[PDB]
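1. Return atomic coordinates for the entry below.
(chains A, B, C and D)
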2 protein chains.
Amino acid sequence: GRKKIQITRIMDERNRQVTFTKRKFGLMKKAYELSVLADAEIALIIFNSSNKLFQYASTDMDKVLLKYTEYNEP
Amino acid sequence: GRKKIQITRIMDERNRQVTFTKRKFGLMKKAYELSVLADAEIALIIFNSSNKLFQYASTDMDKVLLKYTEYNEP
DNA sequence: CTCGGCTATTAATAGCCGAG
DNA sequence: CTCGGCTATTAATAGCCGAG
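-> Residues are numbered from 1 along each chain as shown, chains lettered A, B, ... in the order given. Provided below are the atomic coordinates:
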């Protein structure tokens, strides 16, 4: 918001990591907000380079493993 | 934007489906925008009650299957 | 009884200054 | 040479009117 952003990686390594940290926690926030508004089935996984695994799923990812595996099947 | 929204399911079945369609395509839009700004590892899966499967992954979900399976391992 | 097409406004995002 | 804490503004979201 403080400025109009362009969809491009920030050459500033210091700022580049700053925009991702904002969206990282800022995105998972949406998986929760979008889930409460429609309680839809979603699967969000992130692997920040700072070593941080986060898994959020309003429909129990237990299915995503078998279910997604079914779409991957011919 | 046309109004301040509250994090709650819309009792209006007609509008309830409307907010989800906006976020559904509107969210996957972010997996692409957040991916271009930091090219991070993300896994987005959605199952709309209207029967529509969408899979987006900037880090090839091929790993999410084995990688996520490693965190699920004791 | 219902729906789509086109549009306005708030939150969340990206940022900047001071100190060591 | 580097970082964090606290804050302002634009896009994307949620919506509303007319017609059958």
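2. State whether residue A:55 is indeed within a strand.
-> Yes - using DSSP: H, G, I helix; E, B strand; the rest coil, the secondary structure at residue A:55 is a strand.
3. separation between the closest residue to it other than its chain neighbours and residue A:34?
-> Among residues not flanking residue A:55 along the chain, residue A:45 sits closest, at 5.7 Å (Cβ to Cβ, 6 or more residues apart in numbering or on different chains). Just so you know, the C-beta spots here come from the backbone N, C-alpha and C atoms, and that holds for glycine as well. Computed as Cβ to Cβ, to the nearest Å, the residue A:45 to residue A:34 distance reads 16 Å.
4. Could you do residue A:48 as well?
-> For residue A:48, the distance to residue A:34 equals 21 Å [Cβ to Cβ].
5. Let me know the angle separating the host helix or strand of the residue nearest to residue A:55 from strand B:42-48.
-> For residue A:45, the element it lies in under DSSP states H and E is strand A:41-48. Strand A:41-48 and strand B:42-48 meet at an angle of 180 degrees, taking axes from the mean of the first three to the mean of the last three Cα atoms, to 10 degrees as the criterion.
6. can you point me to the longest helix in chain A?
-> The residue-count maximum for a helix in chain A (DSSP state H) belongs to helix A:13-38.
7. That one packs against which elements?
-> On a contact count with 3 or more Cβ pairs under 8 Å, 6 or more residues apart in numbering or on different chains; DSSP states H and E, helix A:13-38 meets strand A:41-48, strand A:52-56, helix B:13-38.
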